[PDB]
Number of protein chains: 2
Amino acid sequence: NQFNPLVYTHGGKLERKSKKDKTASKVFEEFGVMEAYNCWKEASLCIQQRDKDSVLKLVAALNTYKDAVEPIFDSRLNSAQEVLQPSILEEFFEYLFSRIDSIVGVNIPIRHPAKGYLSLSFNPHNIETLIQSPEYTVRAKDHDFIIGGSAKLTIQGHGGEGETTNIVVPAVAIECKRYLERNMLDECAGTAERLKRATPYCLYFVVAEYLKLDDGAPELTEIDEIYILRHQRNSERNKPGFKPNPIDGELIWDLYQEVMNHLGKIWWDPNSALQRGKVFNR
Amino acid sequence: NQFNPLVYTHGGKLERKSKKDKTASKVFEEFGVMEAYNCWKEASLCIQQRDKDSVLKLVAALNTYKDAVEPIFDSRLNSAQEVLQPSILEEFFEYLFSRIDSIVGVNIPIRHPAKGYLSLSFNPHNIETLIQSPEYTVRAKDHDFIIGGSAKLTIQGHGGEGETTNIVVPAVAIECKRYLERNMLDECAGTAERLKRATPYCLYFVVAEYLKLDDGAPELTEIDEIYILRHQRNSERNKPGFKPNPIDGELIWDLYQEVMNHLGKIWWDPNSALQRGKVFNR
């Protein structure tokens with residue numbers, strides 16, 4: 001009865017790039033990225049409770065890690081921008097949610113970036129294959145972080161021989177962005193629509209550090225919540241004297257509490273609806 | 001090597017209503033509906049080739065049958081309006097397509113009204129069921145006539161025990177209406193969208209006898225074709241001296257040819273696309 005569902009998305013990317021790119025590899029050793037990373041991981045794994053103080057401590061270790069390596073990524077690895085930096089928040093959510101198993105009372109197989117099921121459609125080759133074994137496509141969207149189940153989907157026609165696809169059915173999906181612009185918000189908007197049709201009980205969050213939007217009015221349809229972890233606008237970053245606010249631990253605490261509440265609930269509970277008088281509660 | 005895939009949707013409805021409603025039952029005997037029906041069926045089954053002349057003859061038998069029983073339905077059974085009349089065209093398409101098996105070279109299981117697959121979504125009860133055996137819903141739309149395959153869809157979670165649903169995957173879908181108004185056209189419009197997403201190679205037709213639309217500009221998006229079999233507007237029907245044009249056999253011939261052409265084709269054929277230079281041909 002435990003978990004051991006940690007994948008270390010960011011560590012894996014550091015290892016890849018180290019081998020995939022030697023030049024990166026040189027920078028990582030010279031500027032101590034691998035030891036800063038190992039320290040972040042060790043410190044996170046050492047925080048085992050999930051009361052408010054513990055969560056603030058995880059966020060303090062995250063702030064330290066980003067303060068260490070982000071300046072190296074930004075100034076000494078131009079090519080490795082969205083190759084290494086985005087996976088840091090993803091790995092952070094792997095730590096934050098690594099101890100849900102005993103609380104929720106089940107072993108959750110998916111706690112990492114994954115392709116969340118969106119739809120099934122049939123594209124048979126001809127009439128004979130339509131009858132015998134209809135070809136199909138399962139559509140899925142990459143999300144930066146999913147908590148969810150894995151399932152096998154099988155289709156069989158008259159021929160009787162099945163074709164199976166493995167899918168991921170999210171209970172929570174989180175996108176992680178360094179800043180939130182307009183083209184990416186619209187893309188999340190349209191993804192949230194598809195996701196709530198595929199999986200109406202999936203909570204969908206957008207998490208950003210900085211907000212980079214103009215006058216334009218955004219559409220927040222079906223996105224459950226959007227976080228701006230540093231309470232800063234992205235234009236501040238290039239100004240003389242800029243100093244980044246730290247990622248706000250209070251917001252991570254909020255997010256952690258919202259996720260747990262969602263995981264612990266029966267999502268459609270008719271008798272509860274009737275007793276309450278309202279289908280959705282606080 | 002044959003077919004025997006006829007279901008007699010309309011005959012079945014006559015039998016139901018006869019037992020479900022005795023009053024109907026009385027009218028059917030008194031006004032000879034059952035013998036007119038048996039004659040239509042016998043005459044249709046006797047036309048076995050599918051050259052143009054044979055198809056015109058099937059349509060002549062259809063015209064005769066409707067000339068016989070529609071006035072009885074309209075004037076002596078108010079309740080049984082869309083209870084018995086709509087199934088006549090459906091049964092007609094059962095006859096027209098009853099001899100496709102040898103041409104297409106496969107036994108097509110579905111040639112009758114059915115629920116055509118639209119989508120699969122997951123609505124798990126709780127986190128434990130999400131992991132172990134995620135509850136799901138398959139959405140489907142009733143169509144007045146489908147030519148297509150039947151398939152079994154299975155979902156399995158960590159528990160390993162599958163849940164199966166039987167579905168219908170249409171290659172052709174036809175809606176049959178006595179007249180085409182605005183609320184029903186819009187409903188078909190929105191269904192065609194869903195259907196082309198679920199099954200992009202399904203041909204979707206709307207077949208009506210009369211057109212009952214005003215100035216309003218209709219949206220014909222993704223509907224492959226709409227037929228007005230009597231080349232009449234629905235307002236003509238209540239005028240003194242009105243006489244209905246017969247259902248036009250030339251239009252049924254067109255429809256028959258379009259369906260067969262579609263059934264005989266490979267729907268996505270890359271090398272054919274490349275050779276032709278255009279993905280869609282005449």
Side-chain angles (χ1 to χ4, degrees), chain A residues 100 103-110 116-139 147-158 160 162 164 166-167 169-172 195-202 262-269, chain B residues 100 103-110 116-139 147-158 160 162 164 166-167 169-172 195-202 262-269:
Chain A
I100 60 183
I103 288 107
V104 151
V106 66
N107 274 119
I108 291 177
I110 305 288
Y117 169 80
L118 287 182
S119 69
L120 167 66
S121 57
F122 294 90
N123 41 72
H125 174 80
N126 60 33
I127 185 65
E128 203 265 359
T129 77
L130 173 51
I131 300 340
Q132 290 295 106
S133 46
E135 292 88 352
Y136 65 91
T137 302
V138 170
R139 250 135 212 136
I147 301 166
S150 69
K152 293 173 179 308
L153 187 162
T154 308
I155 291 298
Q156 296 171 279
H158 193 266
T164 299
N166 292 312
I167 60 173
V169 183
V172 171
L195 168 58
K196 298 293 179 156
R197 288 198 307 261
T199 51
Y201 307 147
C202 183
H262 173 73
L263 293 176
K265 263 170 155 82
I266 298 163
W267 299 301
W268 166 245
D269 189 350
Chain B
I100 60 183
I103 288 107
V104 151
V106 66
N107 274 119
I108 291 177
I110 305 288
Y117 169 80
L118 287 182
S119 69
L120 167 66
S121 57
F122 294 90
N123 41 72
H125 174 80
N126 60 33
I127 185 65
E128 203 265 359
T129 77
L130 173 51
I131 300 340
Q132 290 295 106
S133 46
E135 292 88 352
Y136 65 91
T137 302
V138 170
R139 250 135 212 136
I147 301 166
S150 69
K152 293 173 179 308
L153 187 162
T154 308
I155 291 298
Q156 296 171 279
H158 193 266
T164 299
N166 292 312
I167 60 173
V169 183
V172 171
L195 168 58
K196 298 293 179 156
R197 288 198 307 261
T199 51
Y201 307 147
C202 183
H262 173 73
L263 293 176
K265 263 170 155 82
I266 298 163
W267 299 301
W268 166 245
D269 189 350

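Letters go in sequence order (proteins before strands), and every chain restarts at 1.
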Asks: Minimum heavy-atom separation for B/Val169 to A/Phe122, with atom names?
Replies: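 Scanning both residues completely, I find the closest heavy atoms to be CG1-CB, 3.6 Å.
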
Asks: Mind ranking A/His125, A/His158, A/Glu128, A/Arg197 by heavy-atom pairs under 4.5 Å with chain B and telling me who comes out on top?
Replies: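 Of the candidates given, the most pairs with chain B belong to A/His125.
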
Asks: Could you tell me which of A/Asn107, A/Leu263, A/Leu153, A/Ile167 has the largest number of non-hydrogen atom pairs under 4.5 Å with chain B?
Replies: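 Maximum pair count with chain B is reached by A/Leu153.
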
Asks: List the residues meeting side chain to side chain contact (heavy atoms under 4.5 Å, CB included) with A/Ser119, not counting sequence neighbours, and say none if there are none.
Replies: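 With sequence neighbours excluded, A/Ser119 shows a side chain to side chain contact (heavy atoms under 4.5 Å, CB included) to A/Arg139, given in chain and number order.
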
Asks: Kindly compute the distance separating NZ (A/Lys265) from CG (B/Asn126), expressed to the nearest 0.5 Å.
Replies: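 Separation between the atoms: 13.0 Å.
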
Asks: Taking non-hydrogen atoms and a cut-off under 4.5 angstrom, which of residues 129-137 of chain A neighbour chain B?
Replies: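 Under the 4.5 Å heavy-atom cut-off, A/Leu130, A/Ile131, A/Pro134 qualify.
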
Asks: Quick check on the interface: out of A/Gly149, A/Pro124, A/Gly105, who has the most heavy-atom pairs with chain B under 4.5 Å?
Replies: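 So the answer, after comparing A/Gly149, A/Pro124, A/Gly105, is A/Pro124.
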
Asks: Who passes side-chain hydrogen bond (donor to acceptor under 3.5 Å, both in side chains) against B/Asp269, sequence neighbours left out?
Replies: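 For B/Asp269 there are no side-chain hydrogen bond (donor to acceptor under 3.5 Å, both in side chains) partners, ignoring immediate neighbours.
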
Asks: More than 12 heavy atoms of other residues, nucleotides or ligands under 6.0 Å from NE2 of B/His262: yes or no?
Replies: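 Count over threshold, so yes.
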
Asks: What part of B/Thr199 is in contact with chain A, defined as an atom under 4.5 angstrom from a non-hydrogen atom: side chain, backbone, both or neither?
Replies: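 Both parts, heavy atoms under 4.5 Å.
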
Asks: Who are the side-chain hydrogen bond (donor to acceptor under 3.5 Å, both in side chains) partners of A/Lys152, not counting sequence neighbours?
Replies: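 Listed in chain order: A/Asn166.
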
Asks: Sort out for me which of B/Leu118, B/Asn123, B/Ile110 touches chain A most, counting heavy-atom pairs under 4.5 Å.
Replies: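 Of the candidates given, the most pairs with chain A belong to B/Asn123.
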
Asks: With a 4.5 angstrom heavy-atom cut-off, which part of B/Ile147 approaches chain A: side chain, backbone, both or neither?
Replies: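 No part of B/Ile147 comes within 4.5 Å of chain A.
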
Asks: Most heavy-atom pairs under 4.5 angstrom with chain B, which of A/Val106, A/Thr154, A/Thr164?
Replies: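 So the answer, after comparing A/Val106, A/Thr154, A/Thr164, is A/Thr154.
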
Asks: Of all heavy-atom pairs between A/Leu120 and B/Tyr117, which one has the smallest distance, and what is that distance?
Replies: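 For A/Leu120 versus B/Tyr117, the nearest heavy atoms are O-OH, 2.8 Å.
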
Asks: Go through the atoms of B/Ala171 and report whether side chain, backbone, both or neither lie under 4.5 Å from a heavy atom of chain A.
Replies: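 Backbone plus side chain of B/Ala171, per the 4.5 Å heavy-atom cut-off to chain A.
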
